[PDB]
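Visitor: In the entry's author numbering, the protein residues as written are 2031 to 2251, 2260 to 2339, 2346 to 2396, 2410 to 2477, 2488 to 2527.
Quick reminder that beta carbons are idealized off the backbone N, C-alpha and C, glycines included.
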């Protein structure tokens, strides 16, 4: 009775009834995994249509599961389904290989990928207002000189471009204004023009007071607005002041010089200190609060790895700082004003030139997300020991990596990379990757221990 049930059956079993390989087991595994992805909707379909379960399965044209049935994308196993459903038994992998594919924590973690238009380059990407229906990702453009904002869906994943300005938008911001419940999105490009767009009202396009020099980074932490000019002048706005044309610079924190561009404006993680804000201008770092004045002005100057322009400053119990094309991150103290420790990327990535730290997204209390200059992402358990897992081979160069709360499954990482003919892909990881890479690791060792324990009882 080795012919098996007709619904769950390999084509080499049905068509002609040739001698059964070991790959028919892999084919039935692929069908079972197709049911797992589709909650067995095909099974209960074939219960009413047996010719659909058996005779329609005579070809490997099993449809797009997300199209036919409502389910999460889960795409790294959709490629696996495409692989182990090949009509050639020689093209289907062995079961040890499909077990090693299923052993990847990236497989269980990654939610979806998405490819973009042919050679569009995005420098700034921001999330929407975190509303359940209003779940999308804005994108600027750097592939051309003329800057263009691109609204990009996530539930349907539809690219929608729109011309913005003559220069590429280096940096973008947005704020869900609770006044009148308006989703205000402000676009200050490299040319200094501070345009806005209501996400709901695409006709709501106004310009504010023009930023003098090159706009470098904005921020939206009452509730103010934070903009980092090339002269460092932090023009403080308010969520109701940007609604009109030409809001007033309620503070000018003209900290650095025009040769020192403000590259980041972060925010704290505690409460009783009442969340002193931060920032990095040129190389020297600084702070401010609701007063908007320099609280601390900690000095932070190989040579180009120690002394360069800053990239970002993240606020925690310590301060982690990257520079332009520097493979080390500089752990600084907010109190001691000293280099507490160093973490060089090449001390980890060489254990598997290009690759320097680009983005630094920070998990709440366990992980630290590092974006390499090459197609790698490094996850640091910031407290005890650094390296957990270097994920790679999914992009060419991480451009901007920032977390968000979108699509009702909040705390997802919008890791954005390229694929050089440069396809700029966007991956949506779960933020629970640092727990998954060790949970699966301990669970696999547990099952291996049980297997080796009860294998010895076979010969006993």
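Could you give the DSSP three-state label for residue 2276: helix, strand or coil?
Guide: Taking the first residue of the chain shown as position 1, residue 2276 is located at position 238. It is a strand residue.
Visitor: If distances are taken between C-alpha atoms only, which option among 2129, 2360, 2324 and 2372 comes closest to residue 2347?
Guide: As a first step, residue 2347 must be located in the chain shown, where it is residue number 303. Among 2129, 2360, 2324 and 2372, the Cα nearest to that of residue 2347 is on 2372.
Visitor: According to DSSP, simplified to helix, strand and coil, what is residue 2445?
Guide: Here residue 2445 refers to the residue found at position 388 when the chain shown is read from its first residue. Three-state result, residue 2445: strand.
Visitor: Ignore the nearest five residues each way along the sequence and tell me which others in residue 2284's own chain have a CB closer than 7 Å to its CB.
Guide: Counting from one through the chain shown, the residue named residue 2284 turns up at place 246. If we look at residue 2284 and ignore the five residues flanking it on each side, its Cβ neighbours are 2238 and 2239.
Visitor: Taking 9 Å as the cut-off, decide whether the C-beta atoms of residue 2139 and residue 2497 are in contact.
Guide: To locate residue 2139, count along the chain shown from 1; it is residue 109. To locate residue 2497, count along the chain shown from 1; it is residue 430. Yes, the pair counts as a contact, with Cβ atoms nearer than the cut-off.
Visitor: Which residues does DSSP pair with residue 2227 in a beta bridge?
Guide: Within the chain shown, residue 2227 is the residue found at index 197, counting from 1. Bridge partners of residue 2227: 2215.
Visitor: Buried or exposed for residue 2568, please, with buried defined as at least 16 other CB atoms from any protein chain shown within 10 angstroms of its CB.
Guide: Absent from the structure is residue 2568, since the part of the chain shown begins at 2031 and ends at 2527.
Visitor: Please go through the region 2104-2136 and give each complete alpha helix (DSSP H) segment of 4 or more residues, from N-terminal end onward.
Guide: Listed in chain order, they are 2105-2114 and 2125-2131.
Visitor: Using a Cβ-Cβ cut-off of 6 Å (strictly less than) and excluding sequence neighbours within five positions of residue 2057, which residues of its own chain qualify?
Guide: Sequence index remark: in the chain shown, residue 2057 carries index 27 (1-based). Hits under 6 Å: 2040.
Visitor: Near residue 2442, which residues of its chain fall below 6 Å by C-beta distance, leaving aside the five closest residues on each side in sequence?
Guide: For this step, residue 2442 is matched to residue 385 along the chain shown. There are no such residues.
Visitor: Applying the criterion that 16 or more other CB atoms from any shown protein chain within 10 Å of the CB defines a buried residue, is residue 2062 buried or exposed?
Guide: Start at 1 with the first residue of the chain shown, and residue 2062 comes out as number 32. Residue 2062 comes out exposed.
Visitor: What is the C-beta distance between residue 2207 and residue 2148, in whole angstroms, given that I count them as a contact (C-beta under 8 Å)?
Guide: The residue you call residue 2207 lines up with position 177 of the chain shown. The residue you call residue 2148 lines up with position 118 of the chain shown. About 36 Å separates the two Cβ atoms, so there is no contact after all.
Visitor: What residue range is occupied by the uninterrupted beta strand (DSSP E) comprising residue 2292?
Guide: For the purposes of this step, residue 2292 is taken as the residue at position 254 of the chain shown. Note, residue 2292: beta strand (DSSP E), 2290-2292.
Visitor: Count Cβ pairs between the region 2113-2124 and the region 2149-2157 that sit closer than 8 Å; are there 3 or more?
Guide: Because the criterion of three Cβ pairs below 8 Å is not met, the region 2113-2124 and the region 2149-2157 do not touch.
Visitor: So, residue 2288 versus residue 2319, is the Cβ gap smaller than 9 Å?
Guide: The residue you call residue 2288 lines up with position 250 of the chain shown. The residue you call residue 2319 lines up with position 281 of the chain shown. Not closer than 9 Å, so no.
Visitor: Can you tell me whether residue 2469 is buried or exposed? The criterion is at least 16 other CB atoms within 10 Å of its CB, across all chains shown.
Guide: For this step, residue 2469 is matched to residue 412 along the chain shown. Its Cβ being crowded by 16 or more others within 10 Å, residue 2469 is buried.
Visitor: Is the Cβ of residue 2235 closer than 9 Å to any Cβ of chain D?
Guide: Structure shown: chain D not included; a single protein chain is present.
Visitor: Does DSSP classify residue 2386 as helix, strand or coil?
Guide: The count along the chain shown starts at 1 and reaches residue 2386 at position 342. Strand at residue 2386.
Visitor: Just to confirm the assignment, what range does the alpha helix (DSSP H) spanning residue 2517 have?
Guide: Translated into the one-based positions of the chain shown, residue 2517 becomes position 450. That run of the alpha helix (DSSP H) goes 2500-2526.
Visitor: If we count Cβ pairs, one from each stretch, closer than 8 Å, do we get three or more for the region 2193-2201 versus the region 2176-2184?
Guide: Yes, the region 2193-2201 is in contact with the region 2176-2184.
Visitor: Who are the Cβ neighbours of residue 2475 in its own chain at under 7 Å, not counting the five residues just before and after it?
Guide: Start at 1 with the first residue of the chain shown, and residue 2475 comes out as number 418. The residues are 2452, 2453, 2454, 2456 and 2491.
Visitor: Just confirm the distance between the C-beta atoms of residue 2290 and residue 2271, as a whole number of angstroms; I'd bet it's less than 8 Å.
Guide: Counting from one through the chain shown, the residue named residue 2290 turns up at place 252. Counting from one through the chain shown, the residue named residue 2271 turns up at place 233. Rounded, the Cβ-Cβ distance is 5 Å, consistent with contact.
Visitor: Assuming residue 2357 and residue 2304 make a contact with CB atoms under 8 Å, what is their CB distance in whole Å?
Guide: Against the chain shown, residue 2357 aligns to sequence position 313. Against the chain shown, residue 2304 aligns to sequence position 266. That pair is a contact at about 6 Å.
Visitor: Can the beta-carbon of residue 2447 be found less than 9 Å from the beta-carbon of residue 2396?
Guide: For this step, residue 2447 is matched to residue 390 along the chain shown. For this step, residue 2396 is matched to residue 352 along the chain shown. Yes.
Visitor: Could you pull the DSSP bridge partners for residue 2477 from this structure?
Guide: To locate residue 2477, count along the chain shown from 1; it is residue 420. DSSP, once it has assigned bridges, lists no residue as partnering residue 2477.
Visitor: What's the gap between the Cα of residue 2084 and the Cα of residue 2052?
Guide: In the chain shown, residue 2084 corresponds to position 54, counting from 1. In the chain shown, residue 2052 corresponds to position 22, counting from 1. So the two alpha carbons sit approximately 20 Å from each other.
Visitor: On a CA-only basis, which of 2364, 2520, 2519 and 2164 is nearest residue 2231? Give me that one, please.
Guide: Locating residue 2231 in the chain shown gives position 201, where the first residue counts as 1. Nearest of 2364, 2520, 2519 and 2164 to residue 2231, Cα basis: 2164.
Visitor: Indicate whether residue 2215 and residue 2172 have their beta-carbon atoms separated by less than 9 Å.
Guide: If you number the chain shown from 1, residue 2215 lands on position 185. If you number the chain shown from 1, residue 2172 lands on position 142. No, the pair does not count as a contact, with Cβ atoms beyond the cut-off.
Visitor: Once you ignore the five residues that flank residue 2156 on each side, which residues in its own chain have a CB closer than 6 Å to its CB?
Guide: Residue 2156 sits at position 126 when you count from the first residue of the chain shown. Same-chain partners within the cutoff: 2168, 2202 and 2204.
Visitor: Tell me the rounded alpha-carbon separation between residue 2269 and residue 2384.
Guide: As a first step, residue 2269 must be located in the chain shown, where it is residue number 231. As a first step, residue 2384 must be located in the chain shown, where it is residue number 340. Those two C-alpha atoms are separated by around 30 Å.
Visitor: Quick check on residue 2079: buried or exposed, where buried means 16 or more other Cβ atoms within 10 Å of its Cβ?
Guide: Here residue 2079 corresponds to residue number 49 of the chain shown, with the count starting at 1. Under this definition residue 2079 is an exposed residue.
Visitor: I need the boundaries of the beta strand (DSSP E) containing residue 2238, first residue and last residue.
Guide: Reading the chain shown from its first residue, position 208 is the one you call residue 2238. No beta strand (DSSP E) holds residue 2238; DSSP gives it neither H nor E.
Visitor: Classify residue 2285 as helix, strand or coil using the three-state DSSP reduction.
Guide: Numbered from 1 along the chain shown, position 247 holds the residue referred to as residue 2285. In this structure, residue 2285 counts as coil in the three-state DSSP scheme.
Visitor: Where does residue 2072 fall in DSSP's three states?
Guide: Within the chain shown, the letter at position 42 stands for residue 2072. Residue 2072 falls in the helix class under three-state DSSP.
Visitor: Do residue 2160 and residue 2421 have their beta-carbon atoms positioned less than 9 Å apart in this structure?
Guide: Taking the first residue of the chain shown as 1, we reach residue 2421 at position 364. Taking the first residue of the chain shown as 1, we reach residue 2160 at position 130. Contact flag unset, no.
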